[PDB]
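Going down the list, the protein sequences come from chains H and L. Sequence positions in the first sequence follow the entry's author numbering and run 1 to 52, 52A, 53 to 82, 82A to 82C, 83 to 100, 100A, 101 to 216. Sequence positions in the second sequence follow the entry's author numbering and run 3 to 9, 11 to 27, 27A to 27C, 28 to 94, 96 to 106, 106A, 107 to 212. Note sheet for the following structure.
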Amino acid sequence: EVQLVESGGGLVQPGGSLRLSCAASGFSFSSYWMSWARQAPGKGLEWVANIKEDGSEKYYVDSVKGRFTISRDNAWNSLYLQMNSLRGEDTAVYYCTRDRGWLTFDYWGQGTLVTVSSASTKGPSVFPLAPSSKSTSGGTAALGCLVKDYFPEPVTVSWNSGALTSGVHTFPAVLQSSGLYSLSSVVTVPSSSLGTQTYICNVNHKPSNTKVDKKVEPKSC
Amino acid sequence: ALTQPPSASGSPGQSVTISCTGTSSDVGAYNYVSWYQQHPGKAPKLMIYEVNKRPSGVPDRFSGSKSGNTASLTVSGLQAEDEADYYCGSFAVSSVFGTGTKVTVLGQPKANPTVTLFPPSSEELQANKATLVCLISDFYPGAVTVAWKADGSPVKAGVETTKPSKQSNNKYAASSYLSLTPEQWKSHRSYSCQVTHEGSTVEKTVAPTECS
Ligand SMILES: [Cl-]
Ligand SMILES: [Cl-]
Ligand SMILES: [Cl-]
Ligand SMILES: [Cl-]
Ligand SMILES: [Cl-]
Ligand SMILES: [Cl-]
Ligand SMILES: [Mg+2]
């Protein structure tokens, strides 16, 4: 069985460096081109670099040309990706792959996450997503919380301390260019409840030991 | 550079074909087109190489072909586990991989998205930031495209969009954010969040002067 195992992923700050490595087994490693591919979270695949069976040729995608160096060690069945001048754009799962020829990756490792951020642990700032002043006339209304600028993941969100679960959806987080995560949580409620029922999102960010309870009110306007 | 439809679907047992369109220098110049399947949280797997070859242990219901500058992957007799993201890939394409297609194996009725667009809250504006939040809910299949407009023109800078994921009622939801400065926010008449779902679009608009 062909097996490829990446290691070396982690958090690194912009301008920083990081070395990935891949341990290959189950085939004649030194008979094959090898390649790195990557994938920003929730985004598409991108080829990164490849390297000829004997290492005499290395090639890189334009985004990493000159920042990243790929190398291999045929006696130790190992493939490397030296990453330098790292950027938030480079936050991705990086995959070790076997290239059976012409940028055809017939075997893939499980991938290793590289997160590029200058962020330190930071609790979130929570902003209300107040229900539409139009939806306010009756029926149902969506309201929510915008949970901004925290690090690291995860936050959890409850509503009314867990008394409100129906029609709640807490979205996955985005990593903003700032290096910090944001997410939103939304709940649909009866519009007739908006002047009598208080709605509070409870945002827990354990990494910072921070809990924020934000009351989400209809807008004055 | 390699363009795929964003989504495709079929019921169990039906066929589906997804296309991969490149240029004469890549897909038209070479038979080295590949297809990769990727399930949520898993690495891609090669399904097709050299246009039409299957690795051992890829079911024969996956087949590949090429005509012109377009390669196509056909799944004949979809099974639920075929629901995944599929990427084509080609030699001589600069990033190799296509833009990707979510193939849905249909398990519930098509559901059109609800789009909820929140303007920046007064509180966030007072913290000197301005995020428009576009929440997209209750759709199926779980694949959308989100585009933003300011005063009717497309806006690409400052957008982050999450990949659709299941709600607890098993329809899908996704979110998109347009991060502006308060000055940017106030310097336009309107902004829109435009969601394309199954070939049709729903667009919500807000205005800095309008109590949304
Ligand atoms: Cl080398
Ligand atoms: Cl092979
Ligand atoms: Cl949820
Ligand atoms: Cl379903
Ligand atoms: Cl159905
Ligand atoms: Cl739900
Ligand atoms: Mg399905």
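Backbone N, C-alpha and C define an ideal beta-carbon position, used for all residues, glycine too.
{"Item": "Proximity to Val60(H) [Cα-Cα], best of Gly54(H), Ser35(H), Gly42(H), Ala74(H)", "Value": "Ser35(H)"}
{"Item": "Amino acids of chain L, ordered along the chain, whose beta-carbon sits closer than 7 angstroms to that of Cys216(H)", "Value": "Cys211"}
{"Item": "Simplified DSSP assignment, three categories, for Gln38(L)", "Value": "strand"}
{"Item": "Given 8 angstroms, three or more beta-carbon pairs between the region 132–139 of chain L and the region 194–210 of chain L", "Value": "yes"}
{"Item": "Under 8 angstroms by beta carbon: chain H residues contacting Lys45(L)", "Value": "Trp103"}
{"Item": "Counterpart residues of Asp72(H) in DSSP-defined beta bridges", "Value": "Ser77(H)"}
{"Item": "Below-8 angstroms beta-carbon distance, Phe91(L) vs any chain H residue", "Value": "yes"}
{"Item": "Through-space distance from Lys43(H) to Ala173(L), alpha-carbon basis", "Value": "16 angstroms"}
{"Item": "Cα-Cα separation, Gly133(H) to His188(L)", "Value": "30 angstroms"}
{"Item": "From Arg66(H), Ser186(H), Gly26(H), residue whose alpha carbon lies closest to that of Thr131(H)", "Value": "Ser186(H)"}
{"Item": "Beta-carbon proximity list for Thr191(H), same chain, < 6 angstroms, skipping 5 on both sides", "Value": "none"}
{"Item": "Where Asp53(H) falls, given that 16 or more other Cβ within 10 Å makes a residue buried", "Value": "exposed"}
{"Item": "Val106(L) CB to nearest heavy atom of ligand 7 below 7 angstroms", "Value": "yes"}
{"Item": "Chain L contacts made by the region 117–128 of chain H, where a contact means CB separation under 8 angstroms", "Value": "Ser120, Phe122, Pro123, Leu124, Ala125, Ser127, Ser128"}
{"Item": "Cβ-based burial, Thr107(H) [other Cβ within 10 Å; buried from 16]", "Value": "buried"}
{"Item": "Strand pairing of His200(H), partner residues [DSSP]", "Value": "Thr205(H)"}
{"Item": "Supposed close pair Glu6(H), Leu20(H) - CB separation, criterion 8 angstroms", "Value": "6 angstroms"}
{"Item": "Interfacial residues, the region 162–178 of chain L to chain H, with Cβ spacing under 8 angstroms", "Value": "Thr162, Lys163, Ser165, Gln167, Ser168, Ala173, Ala174, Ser175, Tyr177"}
{"Item": "Straight-line Cα distance separating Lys210(H) from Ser22(L)", "Value": "48 angstroms"}
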